[PDB]
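Shown next: run-v4.tsv, containing TSV, C-alpha atoms and all ligand atoms.
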chain	number	residue	atom	x	y	z
A	25	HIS	CA	0.00	0.00	0.00
A	26	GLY	CA	1.18	3.49	-0.98
A	27	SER	CA	1.53	6.01	-3.78
A	28	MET	CA	4.15	8.48	-5.12
A	29	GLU	CA	5.40	11.03	-2.65
A	30	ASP	CA	7.93	12.96	-4.75
A	31	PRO	CA	6.78	13.95	-7.27
A	32	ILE	CA	3.56	13.59	-5.32
A	33	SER	CA	0.67	11.63	-6.89
A	34	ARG	CA	-2.73	13.25	-7.61
A	35	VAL	CA	-4.40	10.94	-5.10
A	36	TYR	CA	-2.00	11.59	-2.20
A	37	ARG	CA	-1.90	15.36	-2.86
A	38	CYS	CA	-5.73	15.60	-2.88
A	39	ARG	CA	-5.72	13.65	0.42
A	40	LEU	CA	-3.30	16.22	1.88
A	41	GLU	CA	-5.55	19.07	0.78
A	42	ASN	CA	-8.31	17.47	3.00
A	43	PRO	CA	-11.11	15.46	1.25
A	44	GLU	CA	-13.72	17.18	3.50
A	45	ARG	CA	-12.93	20.61	2.01
A	46	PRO	CA	-10.43	20.53	-0.87
A	47	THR	CA	-8.31	23.61	-1.67
A	48	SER	CA	-7.08	23.31	-5.31
A	49	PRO	CA	-9.70	23.50	-8.12
A	50	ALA	CA	-8.51	20.19	-9.61
A	51	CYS	CA	-8.84	18.33	-6.27
A	52	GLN	CA	-12.23	19.94	-5.65
A	53	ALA	CA	-13.42	18.53	-8.98
A	54	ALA	CA	-11.78	15.15	-8.26
A	55	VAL	CA	-13.26	14.76	-4.75
A	56	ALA	CA	-16.65	16.02	-5.98
A	57	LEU	CA	-16.59	13.15	-8.53
A	58	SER	CA	-15.09	10.24	-6.55
A	59	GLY	CA	-16.39	11.28	-3.08
A	60	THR	CA	-14.20	11.50	0.01
A	61	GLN	CA	-13.63	7.87	0.92
A	62	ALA	CA	-11.61	7.17	-2.25
A	63	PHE	CA	-9.09	9.82	-1.06
A	64	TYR	CA	-8.80	8.49	2.46
A	65	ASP	CA	-7.96	5.27	0.53
A	66	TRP	CA	-5.20	7.10	-1.44
A	67	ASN	CA	-2.85	4.17	-0.82
A	68	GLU	CA	-5.00	1.61	-2.62
A	69	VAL	CA	-5.19	2.53	-6.31
A	70	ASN	CA	-4.68	-1.15	-7.00
A	71	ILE	CA	-5.66	-4.03	-9.23
A	72	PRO	CA	-5.36	-7.04	-6.81
A	73	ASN	CA	-5.32	-9.17	-9.89
A	74	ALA	CA	-2.79	-7.48	-12.24
A	75	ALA	CA	-0.07	-10.08	-12.74
A	76	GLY	CA	1.77	-7.57	-14.97
A	77	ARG	CA	-1.16	-7.19	-17.41
A	78	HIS	CA	-1.43	-3.41	-17.05
A	79	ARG	CA	-2.19	-2.43	-20.65
A	80	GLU	CA	-4.71	-5.25	-20.99
A	81	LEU	CA	-6.67	-4.42	-17.80
A	82	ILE	CA	-6.51	-0.61	-17.88
A	83	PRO	CA	-8.52	1.18	-20.67
A	84	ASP	CA	-7.34	4.39	-22.29
A	85	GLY	CA	-8.66	7.45	-20.37
A	86	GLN	CA	-8.56	5.44	-17.08
A	87	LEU	CA	-4.78	5.15	-16.47
A	88	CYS	CA	-4.79	7.27	-13.27
A	89	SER	CA	-7.74	5.36	-11.73
A	90	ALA	CA	-6.31	2.04	-13.04
A	91	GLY	CA	-9.76	1.30	-14.50
A	92	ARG	CA	-11.31	1.54	-11.04
A	93	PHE	CA	-14.55	3.58	-11.05
A	94	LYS	CA	-13.89	4.38	-7.38
A	95	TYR	CA	-10.86	6.50	-8.42
A	96	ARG	CA	-12.52	8.13	-11.50
A	97	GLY	CA	-11.81	11.65	-10.14
A	98	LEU	CA	-8.10	10.97	-10.81
A	99	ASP	CA	-8.83	10.63	-14.55
A	100	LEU	CA	-9.90	14.26	-14.99
A	101	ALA	CA	-7.95	15.84	-17.84
A	102	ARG	CA	-7.38	19.29	-16.40
A	103	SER	CA	-4.80	21.95	-17.17
A	104	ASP	CA	-4.66	23.03	-13.52
A	105	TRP	CA	-3.53	19.89	-11.64
A	106	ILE	CA	-0.79	21.13	-9.29
A	107	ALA	CA	2.53	19.98	-10.72
A	108	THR	CA	5.95	19.26	-9.24
A	109	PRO	CA	8.78	21.17	-11.01
A	110	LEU	CA	11.33	18.62	-12.27
A	111	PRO	CA	14.65	18.97	-14.18
A	112	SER	CA	14.83	17.27	-17.59
A	113	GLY	CA	18.18	15.42	-18.17
A	114	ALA	CA	19.32	15.08	-14.52
A	115	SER	CA	20.18	12.19	-12.23
A	116	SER	CA	19.80	13.77	-8.77
A	117	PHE	CA	16.03	14.18	-8.35
A	118	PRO	CA	15.02	12.62	-4.98
A	119	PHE	CA	12.19	10.32	-6.11
A	120	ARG	CA	10.10	9.04	-3.17
A	121	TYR	CA	7.23	6.50	-3.04
A	122	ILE	CA	5.47	6.57	0.33
A	123	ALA	CA	4.53	3.09	1.51
A	124	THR	CA	1.96	2.69	4.31
A	125	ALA	CA	2.84	-1.04	3.95
A	126	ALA	CA	6.07	-2.06	2.19
A	127	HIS	CA	6.00	-5.00	-0.25
A	128	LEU	CA	8.28	-7.20	-2.28
A	129	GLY	CA	7.97	-5.63	-5.73
A	130	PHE	CA	9.41	-3.45	-8.48
A	131	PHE	CA	8.61	0.03	-9.70
A	132	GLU	CA	8.36	1.02	-13.36
A	133	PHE	CA	8.54	4.80	-14.07
A	134	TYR	CA	7.07	6.10	-17.34
A	135	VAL	CA	6.91	9.67	-18.60
A	136	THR	CA	4.51	11.21	-21.11
A	137	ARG	CA	5.82	11.63	-24.68
A	138	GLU	CA	6.56	15.05	-26.25
A	139	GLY	CA	3.37	16.82	-27.23
A	140	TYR	CA	1.34	15.44	-24.32
A	141	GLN	CA	-1.77	17.56	-23.68
A	142	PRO	CA	-3.04	17.74	-20.06
A	143	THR	CA	-6.42	18.71	-21.50
A	144	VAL	CA	-6.77	15.26	-23.15
A	145	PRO	CA	-7.52	12.08	-21.07
A	146	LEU	CA	-4.42	9.91	-20.62
A	147	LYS	CA	-4.14	6.98	-23.05
A	148	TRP	CA	-1.42	4.31	-23.15
A	149	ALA	CA	-0.01	5.85	-26.35
A	150	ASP	CA	0.53	9.19	-24.47
A	151	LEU	CA	3.34	7.48	-22.44
A	152	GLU	CA	6.80	6.52	-23.63
A	153	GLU	CA	6.97	2.78	-24.52
A	154	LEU	CA	9.85	2.13	-22.17
A	155	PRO	CA	10.30	3.05	-18.51
A	156	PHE	CA	13.06	5.44	-17.55
A	157	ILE	CA	13.46	3.70	-14.18
A	158	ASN	CA	12.78	0.07	-13.32
A	159	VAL	CA	13.84	-0.82	-9.78
A	160	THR	CA	13.29	-3.88	-7.55
A	161	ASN	CA	13.00	-3.37	-3.79
A	162	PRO	CA	14.72	-0.02	-3.54
A	163	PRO	CA	15.85	1.19	-0.08
A	164	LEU	CA	12.99	1.87	2.36
A	165	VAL	CA	13.86	4.86	4.59
A	166	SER	CA	11.42	6.51	7.08
A	167	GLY	CA	8.34	4.93	5.47
A	168	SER	CA	9.35	5.93	1.90
A	169	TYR	CA	11.16	4.12	-0.88
A	170	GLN	CA	14.07	6.23	-2.21
A	171	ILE	CA	14.57	5.78	-5.95
A	172	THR	CA	17.36	7.08	-8.23
A	173	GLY	CA	17.27	7.62	-11.96
A	174	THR	CA	18.00	10.00	-14.79
A	175	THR	CA	15.04	12.03	-16.04
A	176	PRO	CA	14.71	12.05	-19.83
A	177	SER	CA	16.54	15.04	-21.30
A	178	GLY	CA	14.71	16.87	-24.10
A	179	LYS	CA	11.61	17.82	-22.15
A	180	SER	CA	9.95	20.98	-20.85
A	181	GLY	CA	6.51	21.97	-19.58
A	182	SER	CA	3.51	20.04	-18.29
A	183	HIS	CA	4.02	16.28	-18.27
A	184	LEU	CA	3.01	13.28	-16.21
A	185	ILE	CA	4.95	10.51	-14.55
A	186	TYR	CA	3.17	7.16	-14.32
A	187	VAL	CA	4.50	4.71	-11.74
A	188	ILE	CA	3.47	1.07	-11.71
A	189	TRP	CA	4.39	-0.92	-8.54
A	190	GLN	CA	4.16	-4.65	-9.38
A	191	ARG	CA	4.50	-7.06	-6.41
A	192	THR	CA	6.71	-10.16	-6.78
A	193	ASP	CA	4.99	-12.28	-4.08
A	194	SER	CA	1.54	-11.40	-5.43
A	195	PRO	CA	-0.29	-10.46	-8.67
A	196	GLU	CA	-1.31	-7.17	-7.03
A	197	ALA	CA	-0.09	-3.90	-8.53
A	198	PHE	CA	-0.51	-0.22	-7.57
A	199	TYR	CA	-0.79	2.70	-10.03
A	200	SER	CA	0.25	6.32	-9.52
A	201	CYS	CA	-0.11	9.49	-11.70
A	202	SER	CA	2.06	12.51	-10.80
A	203	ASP	CA	1.74	15.88	-12.55
A	204	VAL	CA	5.13	17.44	-13.19
A	205	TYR	CA	6.54	20.41	-15.01
A	206	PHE	CA	9.90	19.95	-16.75
A	207	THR	CA	12.15	22.92	-16.11
A	301	LIG	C1	11.11	-4.29	-14.86
A	301	LIG	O1	11.89	-5.21	-14.08
A	301	LIG	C2	11.27	-6.43	-13.72
A	301	LIG	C3	12.27	-7.29	-12.97
A	301	LIG	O2	12.72	-6.55	-11.83
A	301	LIG	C4	10.80	-7.15	-14.97
A	301	LIG	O3	10.06	-8.32	-14.65
A	301	LIG	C5	10.74	-9.54	-14.94
A	301	LIG	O4	10.84	-9.75	-16.35
A	301	LIG	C6	11.67	-10.88	-16.66
A	301	LIG	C7	11.95	-11.10	-18.14
A	301	LIG	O5	12.19	-9.87	-18.78
A	301	LIG	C8	10.97	-12.13	-16.13
A	301	LIG	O6	11.80	-13.25	-16.36
A	301	LIG	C9	11.86	-14.18	-17.45
A	301	LIG	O7	10.73	-14.84	-16.86
A	301	LIG	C10	10.49	-16.23	-17.09
A	301	LIG	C11	10.05	-16.81	-15.74
A	301	LIG	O8	9.16	-17.90	-15.96
A	301	LIG	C12	11.66	-17.03	-17.72
A	301	LIG	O9	11.09	-17.85	-18.73
A	301	LIG	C13	12.74	-16.19	-18.41
A	301	LIG	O10	13.92	-16.91	-18.75
A	301	LIG	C14	13.11	-15.05	-17.49
A	301	LIG	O11	13.50	-15.51	-16.19
A	301	LIG	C15	10.64	-12.02	-14.65
A	301	LIG	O12	9.72	-13.04	-14.34
A	301	LIG	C16	9.96	-10.70	-14.32
A	301	LIG	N1	9.81	-10.59	-12.88
A	301	LIG	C17	8.61	-10.53	-12.28
A	301	LIG	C18	8.59	-10.55	-10.79
A	301	LIG	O13	7.55	-10.48	-12.88
A	301	LIG	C19	9.92	-6.23	-15.78
A	301	LIG	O14	9.51	-6.90	-16.99
A	301	LIG	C20	8.10	-6.72	-17.21
A	301	LIG	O15	7.01	-7.18	-16.43
A	301	LIG	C21	7.06	-8.61	-16.28
A	301	LIG	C22	6.04	-9.06	-15.25
A	301	LIG	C23	6.87	-9.21	-17.67
A	301	LIG	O16	5.60	-8.77	-18.19
A	301	LIG	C24	8.02	-8.74	-18.57
A	301	LIG	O17	7.91	-9.22	-19.90
A	301	LIG	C25	8.01	-7.21	-18.63
A	301	LIG	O18	9.12	-6.72	-19.39
A	301	LIG	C26	10.66	-4.98	-16.15
A	301	LIG	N2	9.76	-4.13	-16.92
A	301	LIG	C27	10.08	-3.64	-18.10
A	301	LIG	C28	9.02	-2.81	-18.75
A	301	LIG	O19	11.14	-3.86	-18.61
A	302	CU	CU	-0.22	-3.02	0.28
A	303	MG	MG	17.30	1.54	-11.11
Representation of the structure as structure tokens:
Amino acid sequence: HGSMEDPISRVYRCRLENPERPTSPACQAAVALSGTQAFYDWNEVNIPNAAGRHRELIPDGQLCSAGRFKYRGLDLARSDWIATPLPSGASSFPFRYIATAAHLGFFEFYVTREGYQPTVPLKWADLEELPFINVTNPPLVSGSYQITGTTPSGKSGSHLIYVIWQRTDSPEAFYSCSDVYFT
């Protein structure tokens, strides 16, 4: 159980804005759609069944909810999701995935391709084909996994990082969307 902490996922950020009275316009819209309980369950954007079959089980336009109607507020294609500034072509960004319960598993990091439009629902073809980080059981430190990688280098502006956490002792996987701004 968990989600991305840095850059922070939509689901965990909206939780931290308080589901009872959200502060950012995008989270207001998201909580209005999904209701509050989904956001208190920010750590469980999962498919208990995945077994690595992400593209098969998750329809286009439902990447951020992982095809789960419960998390449909995360699929909103808004221009005003709050984004984490991120350098393009750098190896020092402190990536963090907060785990309420650690698991045996690996994390695949994907970024959106050039010419991604935040105003269009996220489709599989909006992401790069290959992950820019794939890491098995990275160090767990103070409740968060610390992950190192090089960000792809010819990027600027509003993008998204999609993190898939596939367990190795279980078919269960977790799915995280993080809004970022390359700069
Ligand atoms: C990201 O990294 C993980 C490993 O940390 C990749 O998963 C592993 O993929 C290996 C092959 O590329 C799998 O091993 C081969 O598996 C079978 C086992 O029966 C053997 O026949 C064969 O000789 C190899 O041993 C390995 O099983 C798999 N590990 C786990 C726990 O699933 C991962 O690959 C991706 O997801 C897996 C589940 C498969 O769908 C892979 O094809 C797929 O590439 C890496 N992800 C990427 C995108 O590269
Ligand atoms: Cu868990
Ligand atoms: Mg690595």
Worksheet item: Which of these, A:100, A:197, A:165, A:135, has the shortest distance to residue 153 of chain A once you count only C-alpha atoms?
Response: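 Smallest distance to residue 153 of chain A is found for A:135.
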Worksheet entry | ligand CU 302 (chain A) neighbours within 12 Å using all atoms listed in the file, as a ChimeraX atom specification | /A:25-27,65-72,122-129,189-191,193-199
Let me see the file: selected residues, C-alpha atoms, as a compact mmCIF listing (two decimals), in the coordinates of the input.
# COMPACT_ATOMS: atom_id res chain seq x y z
CA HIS A 25 0.00 0.00 0.00
CA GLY A 26 1.18 3.49 -0.98
CA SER A 27 1.53 6.01 -3.78
CA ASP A 65 -7.96 5.27 0.53
CA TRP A 66 -5.20 7.10 -1.44
CA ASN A 67 -2.85 4.17 -0.82
CA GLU A 68 -5.00 1.61 -2.62
CA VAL A 69 -5.19 2.53 -6.31
CA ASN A 70 -4.68 -1.15 -7.00
CA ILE A 71 -5.66 -4.03 -9.23
CA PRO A 72 -5.36 -7.04 -6.81
CA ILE A 122 5.47 6.57 0.33
CA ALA A 123 4.53 3.09 1.51
CA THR A 124 1.96 2.69 4.31
CA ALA A 125 2.84 -1.04 3.95
CA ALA A 126 6.07 -2.06 2.19
CA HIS A 127 6.00 -5.00 -0.25
CA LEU A 128 8.28 -7.20 -2.28
CA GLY A 129 7.97 -5.63 -5.73
CA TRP A 189 4.39 -0.92 -8.54
CA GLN A 190 4.16 -4.65 -9.38
CA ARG A 191 4.50 -7.06 -6.41
CA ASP A 193 4.99 -12.28 -4.08
CA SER A 194 1.54 -11.40 -5.43
CA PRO A 195 -0.29 -10.46 -8.67
CA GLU A 196 -1.31 -7.17 -7.03
CA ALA A 197 -0.09 -3.90 -8.53
CA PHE A 198 -0.51 -0.22 -7.57
CA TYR A 199 -0.79 2.70 -10.03
Worksheet item: Taking all atoms listed in the file into account, which of A:42, A:207, A:52, A:116 comes nearest residue 178 of chain A?
Response: A:207
Worksheet item: Mind listing the residues within 10 Å of ligand MG 303 (chain A), only C-alpha atoms and all ligand atoms counted, as a ChimeraX atom specification?
Response: /A:130-133,156-162,171-174
Centre and edge lengths of an axis-aligned box around all listed atoms of ligand LIG 301 (chain A), with 3 Å added on each side, are to be given in Å to one decimal, as lines of an AutoDock Vina configuration file.
center_x = 9.8
center_y = -10.4
center_z = -15.3
size_x = 14.3
size_y = 21.1
size_z = 15.1
Discussion item. Quick check, in Å to one decimal: how far apart do atom CA of residue 75 of chain A and atom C22 of ligand LIG 301 (chain A) lie?
Written reply: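 For atom CA of residue 75 of chain A relative to atom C22 of ligand LIG 301 (chain A), the distance reads 6.7 Å.
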Worksheet entry | Atomic distance atom CA of residue 54 of chain A - atom CA of residue 149 of chain A, expressed in Å with one decimal |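 Separating atom CA of residue 54 of chain A from atom CA of residue 149 of chain A is a distance of 23.5 Å.
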Using the partial input, fill out segment 63-87 of chain A with N, CA and C atoms; write the result as a compact mmCIF listing (two decimals), in the frame of the given file.
# COMPACT_ATOMS: atom_id res chain seq x y z
N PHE A 63 -10.30 9.05 -1.40
CA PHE A 63 -9.09 9.82 -1.06
C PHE A 63 -8.51 9.52 0.31
N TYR A 64 -9.33 9.10 1.26
CA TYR A 64 -8.80 8.49 2.46
C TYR A 64 -8.18 7.13 2.15
N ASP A 65 -8.62 6.47 1.07
CA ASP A 65 -7.96 5.27 0.53
C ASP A 65 -6.96 5.58 -0.59
N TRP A 66 -6.17 6.65 -0.42
CA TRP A 66 -5.20 7.10 -1.44
C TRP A 66 -4.11 6.05 -1.72
N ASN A 67 -3.90 5.17 -0.74
CA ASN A 67 -2.85 4.17 -0.82
C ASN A 67 -3.25 2.87 -1.52
N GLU A 68 -4.46 2.83 -2.08
CA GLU A 68 -5.00 1.61 -2.62
C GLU A 68 -5.61 1.83 -4.01
N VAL A 69 -4.88 2.53 -4.87
CA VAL A 69 -5.19 2.53 -6.31
C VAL A 69 -4.56 1.26 -6.91
N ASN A 70 -5.21 0.13 -6.63
CA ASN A 70 -4.68 -1.15 -7.00
C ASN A 70 -5.60 -1.97 -7.94
N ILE A 71 -4.98 -2.97 -8.54
CA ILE A 71 -5.66 -4.03 -9.23
C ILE A 71 -5.08 -5.26 -8.52
N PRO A 72 -5.85 -5.87 -7.58
CA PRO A 72 -5.36 -7.04 -6.81
C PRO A 72 -4.95 -8.21 -7.69
N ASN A 73 -5.43 -8.16 -8.91
CA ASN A 73 -5.32 -9.17 -9.89
C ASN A 73 -4.26 -8.99 -10.98
N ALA A 74 -3.48 -7.91 -10.99
CA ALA A 74 -2.79 -7.48 -12.24
C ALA A 74 -1.96 -8.55 -12.92
N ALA A 75 -1.01 -9.12 -12.19
CA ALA A 75 -0.07 -10.08 -12.74
C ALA A 75 0.64 -9.50 -13.97
N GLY A 76 1.02 -8.22 -13.91
CA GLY A 76 1.77 -7.57 -14.97
C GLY A 76 0.99 -7.17 -16.22
N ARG A 77 -0.32 -7.38 -16.22
CA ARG A 77 -1.16 -7.19 -17.41
C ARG A 77 -1.81 -5.81 -17.40
N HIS A 78 -0.98 -4.78 -17.31
CA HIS A 78 -1.43 -3.41 -17.05
C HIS A 78 -2.22 -2.85 -18.26
N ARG A 79 -1.62 -2.97 -19.43
CA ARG A 79 -2.19 -2.43 -20.65
C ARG A 79 -3.44 -3.16 -21.12
N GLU A 80 -3.57 -4.40 -20.70
CA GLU A 80 -4.71 -5.25 -20.99
C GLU A 80 -5.89 -4.90 -20.09
N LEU A 81 -5.62 -4.64 -18.81
CA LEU A 81 -6.67 -4.42 -17.80
C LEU A 81 -7.05 -2.95 -17.60
N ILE A 82 -6.24 -2.03 -18.09
CA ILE A 82 -6.51 -0.61 -17.88
C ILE A 82 -6.83 0.08 -19.22
N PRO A 83 -8.11 0.46 -19.45
CA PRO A 83 -8.52 1.18 -20.67
C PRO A 83 -7.91 2.56 -20.79
N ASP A 84 -7.72 3.01 -22.03
CA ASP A 84 -7.34 4.39 -22.29
C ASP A 84 -8.34 5.39 -21.65
N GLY A 85 -7.84 6.52 -21.17
CA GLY A 85 -8.66 7.45 -20.37
C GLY A 85 -8.87 7.08 -18.90
N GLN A 86 -8.42 5.89 -18.48
CA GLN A 86 -8.56 5.44 -17.08
C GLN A 86 -7.22 4.99 -16.48
N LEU A 87 -6.11 5.50 -17.00
CA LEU A 87 -4.78 5.15 -16.47
C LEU A 87 -4.60 5.55 -15.00
